[PDB]
Amino acid sequence: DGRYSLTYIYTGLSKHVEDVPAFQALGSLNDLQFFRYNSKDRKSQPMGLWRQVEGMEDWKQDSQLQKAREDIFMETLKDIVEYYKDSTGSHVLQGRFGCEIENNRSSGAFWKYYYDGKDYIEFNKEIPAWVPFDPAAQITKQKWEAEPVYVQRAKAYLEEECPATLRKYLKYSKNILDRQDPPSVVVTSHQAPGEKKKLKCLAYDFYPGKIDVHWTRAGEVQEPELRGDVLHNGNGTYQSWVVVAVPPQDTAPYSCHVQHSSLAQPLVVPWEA
Ligand SMILES: *[C@@H]1O[C@H](CO)[C@@H](O[C@@H]2O[C@H](CO)[C@@H](O)[C@H](O)[C@H]2NC(C)=O)[C@H](O)[C@H]1NC(C)=O
Ligand SMILES: *[C@@H]1O[C@H](CO)[C@@H](O)[C@H](O)[C@H]1NC(C)=O
């Protein structure tokens, strides 16, 4: 088994502008986003390859949970703004929470909030208790620990519930997170009126993202003139390209080299002028 992480991020705005939802939420499994929810549509929706997955989660019921989460999250923001007596201002509250496993063993967990970009409050499950960083967080802490069970629930979420949700999602995400999709490659050239010829090597449709893409000139690795990559979440695939400029009088042989974890051995794709 390897490393898997479940991460949630909540964003609330005290005074949202037109077309921007007051509350937004998203969730990721490793490097991919699997769902989103906002206060406009009010519905938890799977994303990317999880749109094709059935039975992993009941989105209609998750929509109800997120609405409940939303209500408490925004009330927290509302209380902070009230404490500073600045409702006329535009403020933001962001919350991050989740856990991770490695070798089927819980290896991490976190739960922290940020107010206007500054650390606000975080849960330390070893105590177990919330740790305030902002003066208003002292009030929030008081409310979140009003009854003995509250901290017990928080500790249980990070230590029992979250990792159980991750293990469950992992059972339906094998063909997504554990894929070893080999890259397709395409070498292309372009001549700019007045500029040198440029050779572009593109590796696409691969996963995981880690990859080695480079050009060679007469068996000599070259220094790229332009480089880049991207991850398409809808697809769960990456693309990575490298570009080199070639002297107008150069005749040497140019070939692209691609090495990836999914390949038995590296691939070579010479360019035929
Ligand atoms: C996964 O999604 C990406 C992004 O939509 C696809 O890339 C596009 O593919 C079409 C058709 O091949 C091209 O016309 C576009 O130019 C590509 N988008 C760009 C600019 O990267 C990709 O083909 C998809 N791969 C799979 C396996 O479905
Ligand atoms: C860990 O993986 C084993 C099988 O490899 C599985 O039976 C178990 O439910 C998983 N998590 C734990 C420790 O319960």
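We count residues from 1, following the sequence as given. Worth knowing before you read on, the calculation uses all heavy atoms, side chains too, and leaves out hydrogens, waters and symmetry mates.
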State whether the side chain of [X] and the backbone N or O of [Y] hold a donor-acceptor pair below 3.5 Å, judged by distance alone.
X      : Y      : result
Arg153 : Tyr150 : no
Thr216 : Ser255 : yes
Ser14  : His91  : yes
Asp116 : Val92  : yes
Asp212 : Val258 : no
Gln222 : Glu220 : yes
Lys196 : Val246 : no
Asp62  : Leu65  : no
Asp86  : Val81  : no
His260 : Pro266 : no

Could you check whether [X] pairs with [Y] (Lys NZ or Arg NE/NH1/NH2 to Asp/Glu carboxylate O, under 4.0 Å)?
X      : Y      : value
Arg105 : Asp1   : no
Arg42  : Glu70  : yes
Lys78  : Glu82  : no
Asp181 : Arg179 : yes

Search all heavy atoms of [X] against all heavy atoms of [Y] and return the closest pair with its distance.
X      : Y      : value
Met74  : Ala22  : CE-O, 3.9 Å
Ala129 : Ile127 : N-CB, 3.7 Å
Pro182 : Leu263 : CB-CD2, 4.0 Å
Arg96  : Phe110 : NH1-CD1, 3.3 Å
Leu158 : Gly98  : CD2-O, 3.9 Å
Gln239 : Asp205 : CG-N, 4.3 Å

Distance check, rounded to the nearest 0.5 Å: [X] atom [atom1] versus [Y] atom [atom2]?
X      : Y      : atom1 : atom2 : answer
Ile139 : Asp79  : CD1   : CG    : 9.5 Å
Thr165 : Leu29  : OG1   : CG    : 10.5 Å
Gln94  : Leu13  : CD    : CG    : 8.0 Å
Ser44  : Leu26  : OG    : CG    : 12.0 Å
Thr188 : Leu199 : OG1   : CG    : 9.0 Å
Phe206 : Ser184 : CZ    : OG    : 10.5 Å

Residue pair [X] / [Y], side-chain heavy-atom distance below 4.5 Å:
X      : Y      : answer
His190 : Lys197 : no
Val131 : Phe123 : no
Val213 : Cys201 : yes
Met56  : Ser173 : yes
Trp130 : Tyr113 : yes
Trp271 : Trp215 : yes
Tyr207 : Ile176 : no
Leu231 : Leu32  : yes

More than 12 non-hydrogen atoms from neighbouring residues, nucleotides or ligands closer than 6.0 Å to [atom1] on [X], yes or no?
X      : atom1 : result
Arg167 : CZ    : yes
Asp58  : CG    : yes
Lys210 : NZ    : no
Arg69  : CZ    : yes

- Task: Please state whether the rings of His257 and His214 are parallel, tilted or perpendicular, taking 30° and 60° as the class boundaries.
- Result: parallel

- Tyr114 and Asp134: side chain to side chain donor-acceptor pair (under 3.5 Å), yes or no, with the steps? CA-CA 9 Å; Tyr114 311 77; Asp134 182 278; over 6 Å; no

With a 6.0 Å cut-off on the ring centroids, do [X] and [Y] count as close?
X      : Y      : result
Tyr157 : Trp111 : yes
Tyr8   : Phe97  : yes
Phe133 : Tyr120 : no

- Quick check: are the SG atoms of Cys99 and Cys162 less than 2.5 Å apart? no

- Task: Could you give me the CA-CA distance, side-chain angles and deciding distance for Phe23 and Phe73, then say whether side chain to side chain contact (heavy atoms under 4.5 Å, CB included) is met?
- Result: CA-CA 9 Å; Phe23 176 88; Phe73 192 84; 3.5 Å; yes

- Note on the structure: Paired with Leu177, the side-chain contact (heavy atoms from CB on, under 4.5 Å) test is passed by just one of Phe34, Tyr4, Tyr169, namely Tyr4

- Please check if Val185 and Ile211 belong to a single hydrophobic cluster, counting links between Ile, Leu, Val, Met, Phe, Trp and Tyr side chain heavy atoms closer than 4.5 Å. yes

- Query: In the single-linkage hydrophobic clustering (I, L, V, M, F, W, Y; side-chain heavy atoms under 4.5 Å), do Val269 and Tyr254 co-cluster?
  - Reply: yes

- Would you sort out whether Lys198 and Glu225 count as a side chain to side chain contact (heavy atoms under 4.5 Å, CB included), showing the intermediate values? CA-CA 9 Å; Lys198 301 169 180 176; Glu225 167 170 292; 3.4 Å; yes

